[PDB]
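So the structure is just underneath, and the comments pick up after that.
Number of protein chains: 2
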Amino acid sequence: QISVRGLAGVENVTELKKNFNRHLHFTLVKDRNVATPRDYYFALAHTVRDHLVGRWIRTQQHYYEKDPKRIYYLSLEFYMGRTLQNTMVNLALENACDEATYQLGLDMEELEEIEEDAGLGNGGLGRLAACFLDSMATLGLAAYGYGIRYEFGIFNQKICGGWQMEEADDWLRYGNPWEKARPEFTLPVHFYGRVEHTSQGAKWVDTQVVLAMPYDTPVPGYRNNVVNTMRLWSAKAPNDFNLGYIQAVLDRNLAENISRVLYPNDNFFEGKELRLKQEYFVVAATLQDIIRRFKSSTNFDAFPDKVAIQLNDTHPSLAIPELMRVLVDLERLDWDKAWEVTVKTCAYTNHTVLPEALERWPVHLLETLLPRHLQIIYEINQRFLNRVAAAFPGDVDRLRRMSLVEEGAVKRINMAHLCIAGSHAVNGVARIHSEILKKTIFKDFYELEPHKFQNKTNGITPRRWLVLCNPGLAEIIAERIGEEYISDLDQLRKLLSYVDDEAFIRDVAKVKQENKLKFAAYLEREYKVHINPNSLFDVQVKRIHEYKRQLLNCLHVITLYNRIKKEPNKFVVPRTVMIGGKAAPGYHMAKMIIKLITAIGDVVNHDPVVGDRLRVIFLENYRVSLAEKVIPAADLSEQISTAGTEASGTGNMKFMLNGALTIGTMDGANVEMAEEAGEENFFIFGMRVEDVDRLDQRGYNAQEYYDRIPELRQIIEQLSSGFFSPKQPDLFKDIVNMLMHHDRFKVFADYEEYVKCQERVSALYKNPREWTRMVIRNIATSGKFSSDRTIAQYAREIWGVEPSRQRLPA
Amino acid sequence: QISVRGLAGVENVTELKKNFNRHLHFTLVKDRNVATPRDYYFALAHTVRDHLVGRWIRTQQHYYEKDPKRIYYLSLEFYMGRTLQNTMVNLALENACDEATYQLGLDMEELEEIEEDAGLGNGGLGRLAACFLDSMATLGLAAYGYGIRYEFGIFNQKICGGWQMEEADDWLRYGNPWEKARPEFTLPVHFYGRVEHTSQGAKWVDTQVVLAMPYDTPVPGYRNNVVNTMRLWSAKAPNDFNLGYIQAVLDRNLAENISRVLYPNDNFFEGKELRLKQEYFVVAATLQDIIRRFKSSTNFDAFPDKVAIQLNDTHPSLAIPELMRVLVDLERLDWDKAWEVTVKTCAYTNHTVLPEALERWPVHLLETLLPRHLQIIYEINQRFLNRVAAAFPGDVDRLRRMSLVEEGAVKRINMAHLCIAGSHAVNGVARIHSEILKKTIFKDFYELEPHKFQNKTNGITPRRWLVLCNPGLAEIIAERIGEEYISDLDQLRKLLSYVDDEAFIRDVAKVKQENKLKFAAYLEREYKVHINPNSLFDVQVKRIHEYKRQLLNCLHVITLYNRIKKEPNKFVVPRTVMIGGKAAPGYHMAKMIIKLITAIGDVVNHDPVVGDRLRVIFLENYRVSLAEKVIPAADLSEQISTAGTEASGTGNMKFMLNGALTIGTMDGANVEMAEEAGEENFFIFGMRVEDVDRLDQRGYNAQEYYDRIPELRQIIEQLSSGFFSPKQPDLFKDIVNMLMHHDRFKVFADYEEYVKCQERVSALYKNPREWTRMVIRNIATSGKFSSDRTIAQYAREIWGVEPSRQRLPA
Ligand SMILES: O=[N+]([O-])c1ccc(/C=N/NC(=S)N[C@@H]2O[C@H](CO)[C@@H](O)[C@H](O)[C@H]2O)cc1
Ligand SMILES: O=[N+]([O-])c1ccc(/C=N/NC(=S)N[C@@H]2O[C@H](CO)[C@@H](O)[C@H](O)[C@H]2O)cc1
Ligand SMILES: O=[N+]([O-])c1ccc(/C=N/NC(=S)N[C@@H]2O[C@H](CO)[C@@H](O)[C@H](O)[C@H]2O)cc1
Ligand SMILES: O=[N+]([O-])c1ccc(/C=N/NC(=S)N[C@@H]2O[C@H](CO)[C@@H](O)[C@H](O)[C@H]2O)cc1
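These protein sequences, in sequence, are chains A and A'. A prime marks a further copy of an entry chain. Heads up: the first sequence runs through residues 12 to 254, 261 to 314, 324 to 836, numbered per the entry's author numbering. Heads up: the second sequence runs through residues 12 to 254, 261 to 314, 324 to 836, numbered per the entry's author numbering.
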């Protein structure tokens, strides 16, 4: 049907149809009479996956023959979403499969909806890893993602009585067609035990062993025939485990719990032993695999020439002392050489400055679980502090500030400090974030080793986040500038030549309208919720956090409602305000925010005076597959975190690429987005970082804002008095108390500017032609935010490897 | 190579080779450079399984169209062993696959060794179910085996320091190519809760729900294109289970533990809650599935015309009150009609008379776990006892004897009594066993309802137990009488015409010698144990139990050793005495018997005076795949249980079919084997049932035997004094004490006759020609013991269906 979706050749369609029928018969053991829609999905998945196999084998064979430097991306999170469409896109099979299924009497889009998200991540950090794997494959890098195969991913969110309920995400229930178990590469991981010192060095003994079984998932590049590997480890008990008899077998569950479930905290640290076990488990199994592959190329001098390890936050920080352990204890290298190799091998990416998100492991936990690693960490710390002492003689406070060991009630290891000491490069994820790292939380480290500190502004893959989720936009773009932009997103700049082109303006607006109609119908069918598709789609989707200020959005929503009630017969630009996102199950305030949103909807959506002019909808179960639907439908992207708190954001970039305008603070990547598009083409409001700092120095007094803004006072009084919870008048007391007395994120301080800026948004939306021209200006300058650019920078400036757009033979 | 293994057509071989290569590539994601022997096994398994699919679908479609009466065989055990060779045999693919793999440069026999046994059974009862499924398919019956998919089957046995160690049988680790998950037929099973009485009857409420997910395994008939189904249930938690958050997800293990592990007790009852849960789980899920299939044919009058349920022992006895529950509580049938349907539907097979093996569930367990079933059982008992009271007025002791409810310290439900009351047929598994049921333990029930009591002598499938494990014997037989005997084993009688045929005698003896050489080499390679292949192979393989009297075998072995030591330069017929079998992990005496056997070996096998004249080997990890190797190699089959204790035995029949002579008591099926072959062609010794009874009446005094048999006294003194355990002189005190003072199985009473009978065996073995002629007489009369005969009898006399040898179209 549409060009960017590839060719539907006679030969290809015929072949797909017969392979589809073969799988239905031989693989699913069904015929057309008993086959369910799920069977049809599986037959298609198997049919498509067959096309990956030859390329997957030949890519890995290529890397064996050429022996390039290998990149190991270590993450506890890979937020992959669905795989079927992505695979078809990258293999140019989409139109052929659409035709083949059509001729079999099936609707491919319906089949696509059956696939579970691989929800092995919480949010931005997890999805960043996924985008990165796609870009690394597209850029022909010999890259491997290593993580954990969680049996349960991020929980499915249900809204009951306006409250979040969690249910287990049993995503493997029907089997995963996109993985291959690799039991022959099963590796032992050690826990507990004790350290013995011999004549011939330290030895870690009396350990408990858990097996790490790998599962390989293919990562196809965009039409370059490259298929890289994501290897995820699953925990398995050894067969003599606990080996009255019955209980010993049942106790195997204890070992296997390691890979059972993803911890559902976004930007928050919980010092739980099971989490520590997961972190070591992925690190220990991965490093053995790396070394095995390296030996099958004795001399570890060349190790950093053949291996790069990227640490996605501090979660896999134990790679540093684990590499030291292997090199020193097992390979018998001297400390200084082992350390040189380690530093040259590892690089660390920081993803947050929020203090509650930083990993600080109690010493007593490491002592019990990983006694040898603790000793190695102490030694690293001693040698590191000796360097600090020589660089800054007499500066005793610097020594305690920089120590990997934090003194206090409970001694803790600062994992961030460990990562900086043991890495040749440390990067933040947006220019302002990286500057804040050098200026504030890692200032001491920057002063010691300035050369280590870099920026690598985040990006998103334009395969998933344009071609896949918004084929209509991808097509009208390709009609004008060709298809090359899909793997060279900077080419979108050519669209600036069409900003006055009446045909293009009409087409951009038409694609948006179609996306909105499609999403409005999705809402009715799957959720019985009715919306006006001619309204401005005002969307804030992201994890629920105080720093992300969903609460500020709520205050705007109530302001609009109160203004309508005040002057009912005055014209207002109609809005559909959509807010979605999961709250961490232990995060009370986030759960209260969700309840507030639904409570506001309950009042607003049933007020006859309001009509279809204002609707407030909570988007349930926000996840990658939902993002792919709502983002193309959005008009307005809410990116309203307090300046200095969102390290980068990536949702922001997704919206920019898909034709929504942005209202946001100068925070994270918003700054660079505004710089690329021009500040005139962005809705910027609120305190800058410096303004926040000034306010902190003076002391933030929320009462002052309450006293001086009558519209804000009204809202607080409505909240307190029970306007939004009539049968439970004090329901929102915690929220009011926080806003009034303990607001770390200064919701009130940005309120006036936010509302005024929102008025400017509504004014522009009244003029469809000028709204769309500004949209074109955003899409046209969104090129910098491709993860291909990001990965090319990692490759050149950190990993020391050149990307290649060259095809492997088919 | 050999005829019975089928044709190796040019077309077939070419096709197998390309499908093998296809699976290696697309299924295993390997090429020949990296492929391991396990990959090669899997490629072959997938290649062979492809041939089942069309027949499997068309068999089930056939049953839907024809709607025959369906047979449901309910068992907690299916001891299947390996599936690859069995499938090739039944599909006539063995020579084609052998040729295809040969041309690919692979040895098929080596690949076959890679497959794990499906070890979902303990011993005879579990393997009986497996033989039965094979026969039901071969006889064209619309039959389904229903059981539990245990994640862990019978433990792997390791011998360490002469002691049994258990390790988890993680048989699913590499995946099972012979199953298809059927998540669309997932069903809820209820536990706990409470009973509410309404105007509209009883209701079972507030239950905990566990999901039952079915996995289907094909059961091919012998060359008739019939493929039946074995459906095994796996336990799954519902997604809102326990739904702080992390623990709730980890707690899902509690629900799923139901299908985790097979209870490893052979002929012994342990009243554990988890076992009860397993029993109800299989019953509840199965009955819902049966009813669903029945409705997709309102009127339950026709239920018994369309459904037979066979209860394999009392393990699935809850089917009776579960059927009543569904019919009465859910379908709203009156009690009397529900009961009529239930009785006409269910039949019960008893597998033991040992009192410690009988299931007697504490009332307090049923009260908590299955409150509604307890009420139904009480009601069944009341109505049943009212019938007894009317039939035998005034006989109050009969009333308490026949009650389903046992009074005492803890009230218990006698599950055997439940099964008799609720079944239209009750059968024992060999003529003497069925007679003992009517005469002793179920005498009261027989007097009340004589028509219910039947015999169905056990059998074994000649596919696995001749063609598969002994192709050489199968071939020399087919050369003379054709191939028809494989599904009509009575035809073996034609071999009586060859008892004087010199060519046949030579061939029978040659096949045995080859089998012995092959097994002697298996022992050296896999276990570094060296044996004389010219010795008599004296084999006792079966679970370790006091009733099976491995101890009596031990006493014979020591007698032989002592006699050799006494007269070292006298000629004796050389023997290799092999004993193997697992002990239940909690059964102390059985574990001591294993230690004794290894301890005897340690002395005997290293005595220079003995030389190669006597060797004692403990066969480690006895299981179906090992049986297939050792049974064809055996000369002498030890079947030496105390008369009246082995209900049937089936190992006995396996040996008879494979050319071993039998030394045994007149117990279980041995009686019918001797009757078929002629008592002159059997080595019968020892007390009959009546002699045991006489001895019990008088009182068994072991001391009397010790006092009068000097050779027996010597052995006991050697055991006591530490002759067989020099560094632990009292190691075997428990064994001596048991033999001397508390021997329920009268080991000493059969000792003299046993030893004398063993002398007669040795005498015959000295004359190879006459040994072999007697062997031919055994093989020739082994036809009765085909499970095809057994199943044809069940079909005609219990299930009310006619077997059919007619082919379905290919
Ligand atoms: O994505 N690709 O390109 C891909 C992935 C896998 C294969 C081959 N796969 N081959 C096997 S046998 N896959 C198995 O399938 C089971 C579910 O059916 C899984 O539970 C199991 O973990 C997995 O190993 C081939 C291609
Ligand atoms: O379960 N635990 O214990 C856990 C889980 C996750 C975290 C941290 N999660 N951290 C995230 S998701 N960080 C995000 O990273 C994105 C990509 O750079 C940025 O765009 C974004 O600004 C930033 O907030 C911390 C602890
Ligand atoms: O024996 N036959 O005839 C047979 C059995 C199965 C199939 C088709 N099978 N098709 C699938 S997708 N099999 C899956 O495979 C996984 C391991 O790879 C298992 O873990 C999983 O339980 C199983 O359902 C086809 C034929
Ligand atoms: O784990 N639990 O709780 C358990 C397991 C098994 C049993 C009983 N297992 N019972 C057996 S294996 N019975 C056997 O049946 C064979 C077939 O008829 C006969 O040939 C043989 O004579 C007879 O002993 C009892 C309890």
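For every residue, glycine included, the Cβ atom is placed at its ideal position computed from N, Cα and C.
What three-state label does DSSP hand residue i in the structure shown?
i, result
"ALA154/A'", "strand"
"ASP564/A", "strand"
"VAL555/A", "coil"
"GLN754/A", "coil"
"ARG242/A'", "strand"
"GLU190/A", "coil"
"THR149/A", "helix"
"residue 315/A", "This model leaves out residue 315/A; its place in chain A lies between 314 and 324, and no residues are given there."
"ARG81/A'", "strand"
"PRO658/A'", "helix"
"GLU162/A", "coil"
"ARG770/A'", "coil"
What does the alpha-carbon distance come out to for the pair residue i and residue j?
i, j, result
"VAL598/A'", "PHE771/A'", "30 Å"
"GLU433/A", "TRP387/A", "12 Å"
"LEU499/A'", "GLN576/A'", "29 Å"
"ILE275/A'", "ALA192/A", "25 Å"
"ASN727/A'", "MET615/A'", "20 Å"
"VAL15/A", "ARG93/A", "20 Å"
"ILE590/A", "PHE89/A", "44 Å"
"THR688/A", "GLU76/A", "48 Å"
Around the Cβ of residue i, are there at least 16 other Cβ atoms within 10 angstroms (buried) or fewer (exposed)?
i, result
"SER210/A", "exposed"
"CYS142/A", "buried"
"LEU27/A'", "buried"
"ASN560/A", "exposed"
"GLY637/A", "exposed"
"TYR203/A'", "exposed"
"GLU110/A", "buried"
"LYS536/A", "exposed"
"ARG724/A'", "exposed"
May I ask you to list the residues that DSSP assigns as paired with residue i?
i, result
"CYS171/A", "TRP174/A"
"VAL206/A'", "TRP215/A'"
"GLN665/A", "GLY690/A"
"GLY92/A", "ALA129/A"
At what residue ranges does the segment 347–386 of chain A' contain a whole run of the alpha helix (DSSP H), taking only runs of 4 or more? 361–371
Could I get the ranges of all uninterrupted beta strand (DSSP E) runs contained in the segment 389–460 of chain A', with 3 residues as the minimum, in chain order? 438–440 and 451–454
Segments assigned beta strand (DSSP E), at least 3 residues, entirely inside the segment 571–633 of chain A: 601–606
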